[PDB]
Amino acid sequence: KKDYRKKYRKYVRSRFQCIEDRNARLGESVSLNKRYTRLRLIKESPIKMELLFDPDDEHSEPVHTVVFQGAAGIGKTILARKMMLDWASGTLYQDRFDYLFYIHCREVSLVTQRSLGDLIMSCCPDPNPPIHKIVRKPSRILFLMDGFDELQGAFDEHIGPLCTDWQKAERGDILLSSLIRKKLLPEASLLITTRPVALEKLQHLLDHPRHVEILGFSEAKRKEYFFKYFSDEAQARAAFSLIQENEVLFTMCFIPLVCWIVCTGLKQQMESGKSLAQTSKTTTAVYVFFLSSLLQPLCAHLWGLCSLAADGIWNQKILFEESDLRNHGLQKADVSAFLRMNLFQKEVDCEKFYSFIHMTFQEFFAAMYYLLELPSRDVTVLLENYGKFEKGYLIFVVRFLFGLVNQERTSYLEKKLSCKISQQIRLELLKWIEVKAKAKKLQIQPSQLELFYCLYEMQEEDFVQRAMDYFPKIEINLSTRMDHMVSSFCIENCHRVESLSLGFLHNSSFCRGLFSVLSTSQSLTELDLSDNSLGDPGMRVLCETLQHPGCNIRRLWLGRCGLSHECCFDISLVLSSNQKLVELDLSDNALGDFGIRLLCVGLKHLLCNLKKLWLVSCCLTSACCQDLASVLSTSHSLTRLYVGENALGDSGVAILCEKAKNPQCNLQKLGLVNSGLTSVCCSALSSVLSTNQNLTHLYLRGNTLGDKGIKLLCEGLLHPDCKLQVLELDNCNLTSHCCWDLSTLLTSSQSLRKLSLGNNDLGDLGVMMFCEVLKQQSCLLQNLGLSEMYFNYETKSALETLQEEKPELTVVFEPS
Amino acid sequence: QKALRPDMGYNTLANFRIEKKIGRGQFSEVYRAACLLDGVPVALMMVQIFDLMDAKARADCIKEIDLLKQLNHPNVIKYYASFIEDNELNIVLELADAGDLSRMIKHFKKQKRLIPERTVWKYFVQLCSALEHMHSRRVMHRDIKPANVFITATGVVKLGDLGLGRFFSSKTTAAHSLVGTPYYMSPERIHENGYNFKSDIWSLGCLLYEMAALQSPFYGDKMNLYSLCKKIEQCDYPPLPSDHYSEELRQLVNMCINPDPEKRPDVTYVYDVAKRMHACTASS
Ligand SMILES: Nc1ncnc2c1ncn2[C@@H]1O[C@H](COP(=O)(O)OP(=O)(O)OP(=O)(O)O)[C@@H](O)[C@H]1O
Ligand SMILES: CC(C)(O)c1coc(S(=O)(=O)NC(=O)Nc2c3c(cc4c2CCC4)C=CC3)c1
């Protein structure tokens with residue numbers, strides 16, 4: 001008359017009483033689960049650990065699978081552990097699930113065969129649980145599989161024999177896939193935590209996942225960690241003051257693992273009566289510092305450890321036995337030394353294996369191996385397998401290698417490294433970068449930003465400045481402060497970048513640094529900041545940096561950036577002093593009549609060399625044409641103006657035309673596209689065409705001129721002083737009635753090079769008419785549009801005939 | 001103008017006011033109109049099937065509209081009503097005249113600038129969502145290309161079906177040498193072997209390529225149907241620039257444009273990829 005749910009909950013509460021998940025916790029101390037600091041969780045408002053599987057907003061679609069992602073050191077596993085405890089304590093999902101099964105990815109084979117006994121191995125001590133009873137019932141259970149990227153051995157997604165029926169034993173990879181795809185024990189819930197890199201081999205298995213990103217600590221939380229870590233506030237204050245002084249390390253401490261390493265190092269320094277100095281700048285520096293502080297107080301075992309680490313990476317081994325330790329010459333005294341020192345763990349949770357305190361450390365040691373004085377010791381093979389899941393991606397192994405391979409070497413064990421090798425590696429890394437820099441990747445392993453992280457770690461100007469010569473175009477997607485810092489460093493030392501594309505993501509007026517760096521670039525030509533949340537506050541900061549004498553920016557793209565009319569003030573201030581900017585795109589913003597009126601001041605201002613200005617879809621009305629027309633008259637430098645997709649009706653155009661008409665205006669192109677114009681505006685346009693010989697491209701597509709408008713426009717175009725080369729007439733509500741006048745134009749004008757006729761009812765006869773007349777020594781060189789038009793056989797045949805008979809018409813374009 | 005009749009809902013043109021024509025198909029015309037009952041701007045699709053089908057043949061067109069009316073998604077053009085009066089078929093659709101993908105592409109061409117990958121995924125992922133919705137209900141689009149991809153002022157993608165009345169032109173394929181745009185058609189559609197769901201994937205891949213390249217993968221100068229078909233059958237088209245687009249984007253295109261009809265990915269796969277890519281370049 002006893003249940004099992006209670007027995008298990010007690011077991012779970014018992015096993016997860018400590019974060020360290022073991023004994024020998026730095027003098028057998030208590031980890032204290034209250035030590036847990038809340039991590040920021042953002043749904044692909046903050047998201048709670050609770051309600052993760054709840055139905056969505058409409059049709060109440062339930063969630064079976066929730067996938068968490070984040071960088072190593074963020075706390076993916078600690079979050080899962082906290083979750084297991086809160087549930088066992090009856091506070092989290094205590095109503096939703098009867099059992100939770102927590103399984104470590106590093107503890108499960110992908111090569112051996114077994115039944116789904118994982119639910120038994122992870123259960124209370126009872127070797128024979130009611131696995132066939134309520135525990136068997138799907139939807140009443142949730143599985144927690146953390147460290148997908150930590151899975152050891154090759155793993156495939158293309159598995160035919162997926163295998164359902166938990167009672168059946170099968171290979172671990174198949175078993176895992178079947179669970180992930182919800183084929184085994186379907187309708188059960190599953191929570192996965194993984195490094196973003198492993199998404200490449202996970203997304204294929206999810207069907208309909210919910211995604212949450214796990215972020216690191218905020219400034220406030222970083223402070224809490226120090227004060228919760230150091231129970232003596234006097235020590236916490238010293239530690240906190242020290243991290244505040246070392247701003248770079250403070251930034252890196254957003255990752256809990258990093259702040260832990262720092263705090264652990266400081267704790268030792270405090271215990272030893274040291275000054276508590278901490279001068280680390282890079283991730284490598286931190287790891288070297290830690291190892292030095294722990295081990296230097298030796299190389300005989302360090303070499304052996306490095307060999308072990310390297311072997312474990314290549315042989316996909318995380319959990320080592322006494323026989324493996326002996327194989328690397330590690331036994332008894334040193335093994336013990338690294339248990340009293342917090343370098344290795346003994347996996348005391350029903351296991352007899354030894355492992356690294358963190359996977360990053362294993363990679364650190366493996367990286368170290370290559371530089372000392374035997375799976376290979378080659379760098380080429382190491383780099384070749386960089387993109388391979390099967391080798392663990394080797395991301396930290398390489399990143400650390402970059403930091404370790406430096407001329408600015410230190411002592412303390414580091415003297416053991418061979419400079420001959422370091423020099424060989426350095427050269428190979430440069431060649432590697434040149435190759436990886438040529439082909440953009442977003443979610444692979446190289447990723448542009450990732451290369452910058454590697455360059456950042458290798459704090460050597462000669463190396464980095466040379467490496468940066470392979471990035472003529474830089475495209476980045478910054479998220480956190482650490483990304484801004486790294487980007488600023490790499491860009492500052494770049495002398496060969498022409499195009500910068502910043503895909504700013506989320507978590508404004510803090511960016512600074514990067515813009516301060518961009519303004520000092522000597523090669524940067526184009527700055528593309530479109531399609532991101534560069535709201536006015538960000539634009540103001542950018543504008544301040546854009547006034548720097550050395551900006552050298554020729555093109556600035558600011559499309560759908562969410563700018564308001566207010567930003568035009570700051571832009572005007574840039575135009576008034578920045579004599580380098582040539583092309584400015586402010587399209588897709590809310591820069592209404594007031595905003596443009598301000599911009600007109602900057603445009604009229606002397607020394608404004610802007611030649612090309614795009615103002616498409618800027619919420620303008622005809623009212624603003626009064627000021628813009630003055631710009632055309634006043635500013636000799638502006639030649640290209642695009643104001644389509646605004647409320648500039650016939651009256652707006654007439655205003656612009658009155659000034660554009662003046663033959664001393666330099667306007668060359670008019671983007672009067674979706675302006676809502678009628679045949680009435682053609683009078684004004686005609687006057688301009690017959691007067692201003694500087695106009696070469698006129699875009700009227702999107703208007704509704706009809707045949708009357710064409711006739712009026714033609715009268716202007718047929719004038720001997722009309723120099724228009726390209727005319728764009730897409731759906732202008734035209735009919736076949738206008739074909740006579742267009743026909744006349746085609747055999748009358750001399751300056752016309754292209755007549756683009758788009759989706760309008762020109763008619764079959766209209767086209768056939770054109771074919772006959774265009775043959776009569778036409779001056780046209782380009783096509784005649786005719787897209788999105790339907791023609792009959794004879795018409796199509798006649799058009800094709802024209803294409804063959806008159807090859808000087810390089811393009812004609814049939815719609816077929 | 002006929003008097004308003006609220007009691008007949010949207011089952012009569014008496015309750016709508018046409019302001020202008022907005023497009024034209026070969027089996028239908030498309031008008032811009034406002035609803036006189038509630039002031040809502042709508043798209044009116046006028047289909048003339050009476051000169052093509054009798055009362056019996058016309059029945060073949062019922063299933064298509066009855067099925068389309070069951071769709072309900074923020075990235076799909078909504079169907080409100082359908083009726084027959086004055087010997088004409090009238091379908092009331094959600095209006096999306098703010099702009100479209102075709103206009104966006106033309107804009108980028110004029111600027112001589114390529115669409116940032118972060119801006120490609122921004123719209124592409126939305127289109128994929130719309131298609132997932134349709135396919136999960138076993139609804140095929142059969143005409144995916146910029147012409148039917150509408151974009152709101154807020155940058156929201158809505159997939160329409162205006163096309164050229166392809167739902168009606170199902171038994172008159174002889175005319176499709178002139179009616180249709182065989183740049184988005186798979187080899188199977190060209191061979192008239194039937195249009196499967198994987199053929200929407202082909203056309204989706206084509207669209208993605210076109211956005212990235214600002215041109216169709218099977219475009220050419222004075223290219224006739226014969227040569228066009230050969231290029232399509234051989235899956236022969238220029239690659240996208242390695243320093244402008246990610247490898248993953250190119251792989252997605254390569255998987256979608258697969259001359260082997262059984263080797264294309266489904267919509268769910270493509271959508272999940274688009275989401276994961278977008279999620280890394282998704283501006284806030
Ligand atoms: N949210 C947190 N609150 C308090 N301490 C934390 C937190 N996250 C991580 N830690 C600190 O970082 C150290 C390592 O944490 P952890 O093992 O979870 O890194 P991890 O990357 O999540 O491991 P894994 O890769 O297997 O998920 C812990 O010993 C602890 O001191
Ligand atoms: C593109 C990007 C930001 O570099 C990235 C995103 O995700 C990864 S990760 O999967 O390789 N994890 C990590 O790099 N963790 C990690 C980081 C730093 C320092 C340390 C760690 C682990 C402990 C020391 C510096 C930021 C990343 C990398």
# chains A, B, ... in the order shown; residues from 1 in each chain; ligands from 1

call {"tool": "closest_atom_pairs", "arguments": {"of": "chain B", "to": "chain A", "cutoff": "6 Å", "atoms": "only C-alpha atoms", "output": "Markdown table"}}
result
| residue | atom | partner | partner_atom | distance |
| --- | --- | --- | --- | --- |
| B:242 | CA | A:439 | CA | 4.7 |
| B:243 | CA | A:439 | CA | 5.1 |
| B:246 | CA | A:441 | CA | 4.6 |
| B:247 | CA | A:441 | CA | 5.5 |
| B:283 | CA | A:505 | CA | 4.4 |
| B:284 | CA | A:506 | CA | 5.4 |

call {"tool": "write_last_selection", "arguments": {"atoms": "N, CA, C and O atoms", "output": "PDB file, in the first residue's frame"}}
result
ATOM      1  N   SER B 242      29.993  33.571 -51.875  1.00  0.00           N
ATOM      2  CA  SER B 242      30.416  32.960 -50.626  1.00  0.00           C
ATOM      3  C   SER B 242      30.681  33.962 -49.513  1.00  0.00           C
ATOM      4  O   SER B 242      30.551  33.633 -48.333  1.00  0.00           O
ATOM      5  N   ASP B 243      31.018  35.195 -49.871  1.00  0.00           N
ATOM      6  CA  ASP B 243      31.288  36.205 -48.865  1.00  0.00           C
ATOM      7  C   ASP B 243      30.094  37.104 -48.579  1.00  0.00           C
ATOM      8  O   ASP B 243      30.217  38.075 -47.829  1.00  0.00           O
ATOM      9  N   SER B 246      25.645  33.116 -45.995  1.00  0.00           N
ATOM     10  CA  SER B 246      26.147  32.012 -45.216  1.00  0.00           C
ATOM     11  C   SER B 246      26.052  30.704 -45.966  1.00  0.00           C
ATOM     12  O   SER B 246      25.238  30.546 -46.881  1.00  0.00           O
ATOM     13  N   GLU B 247      26.854  29.745 -45.535  1.00  0.00           N
ATOM     14  CA  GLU B 247      26.814  28.416 -46.112  1.00  0.00           C
ATOM     15  C   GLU B 247      25.457  27.786 -45.908  1.00  0.00           C
ATOM     16  O   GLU B 247      24.945  27.101 -46.792  1.00  0.00           O
ATOM     17  N   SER B 283      17.133  40.840 -35.448  1.00  0.00           N
ATOM     18  CA  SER B 283      17.265  42.107 -34.759  1.00  0.00           C
ATOM     19  C   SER B 283      16.074  42.295 -33.845  1.00  0.00           C
ATOM     20  O   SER B 283      14.967  41.869 -34.181  1.00  0.00           O
ATOM     21  N   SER B 284      16.278  42.958 -32.711  1.00  0.00           N
ATOM     22  CA  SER B 284      15.162  43.273 -31.829  1.00  0.00           C
ATOM     23  C   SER B 284      14.581  44.646 -32.145  1.00  0.00           C
ATOM     24  O   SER B 284      14.119  45.350 -31.246  1.00  0.00           O
TER      25      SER B 284
END

call {"tool": "residues_near_ligand", "arguments": {"ligand": "ligand 2", "cutoff": "7 Å", "atoms": "only C-alpha atoms and all ligand atoms", "output": "list in words"}}
result
residues 70, 71, 72, 73, 195, 196, 197, 252, 255, 257, 258, 283, 360, 395, 396, 449, 450, 453, 482 and 483 of chain A

call {"tool": "residues_near_ligand", "arguments": {"ligand": "ligand 1", "cutoff": "7 Å", "atoms": "only C-alpha atoms and all ligand atoms", "output": "ChimeraX atom specification"}}
result
/A:19-20,35-39,72-79,146-147,225,256-257,260,358-359

call {"tool": "closest_residue", "arguments": {"among": "B:218, B:86, B:276, B:68", "to": "residue 69 (chain A)", "atoms": "only C-alpha atoms"}}
result
B:276

call {"tool": "residues_around", "arguments": {"residues": "region 199-207 of chain B", "least_positions_apart": "5", "cutoff": "7 Å", "atoms": "only C-alpha atoms", "output": "number ranges by chain"}}
result
B: 141-142, 144-145, 184-186, 216-217, 253, 256-257, 266-267

call {"tool": "residues_around", "arguments": {"residues": "residue 624 (chain A)", "least_positions_apart": "5", "cutoff": "10 Å", "atoms": "only C-alpha atoms", "output": "number ranges by chain"}}
result
A: 592-597, 600, 629, 647-648, 652, 655-656

call {"tool": "atom_distance", "arguments": {"atom1": "CA of residue 156 (chain B)", "atom2": "CA of residue 23 (chain B)"}}
result
21.0 Å

call {"tool": "atom_distance", "arguments": {"atom1": "CA of residue 400 (chain A)", "atom2": "CA of residue 248 (chain B)"}}
result
26.8 Å

call {"tool": "residues_around", "arguments": {"residues": "residue 239 (chain A)", "least_positions_apart": "5", "cutoff": "9 Å", "atoms": "only C-alpha atoms", "output": "PyMOL selection string"}}
result
chain A and resi 226-227+230+234+244+262-263+266-267+276

call {"tool": "residues_around", "arguments": {"residues": "residue 16 (chain B)", "least_positions_apart": "2", "cutoff": "12 Å", "atoms": "only C-alpha atoms", "output": "PyMOL selection string"}}
result
chain B and resi 1-6+8-14+18-19+31-44+90-92

call {"tool": "select_by_dssp", "arguments": {"residues": "region 39-252 of chain B", "states": "strand (DSSP E or B)", "output": "list in words"}}
result
residues 41, 42, 43, 44, 45, 46, 47, 76, 79, 80, 81, 82, 83, 84, 85, 88, 89, 90, 91, 92, 93, 94, 100, 149, 150, 151, 157, 158 and 159 of chain B
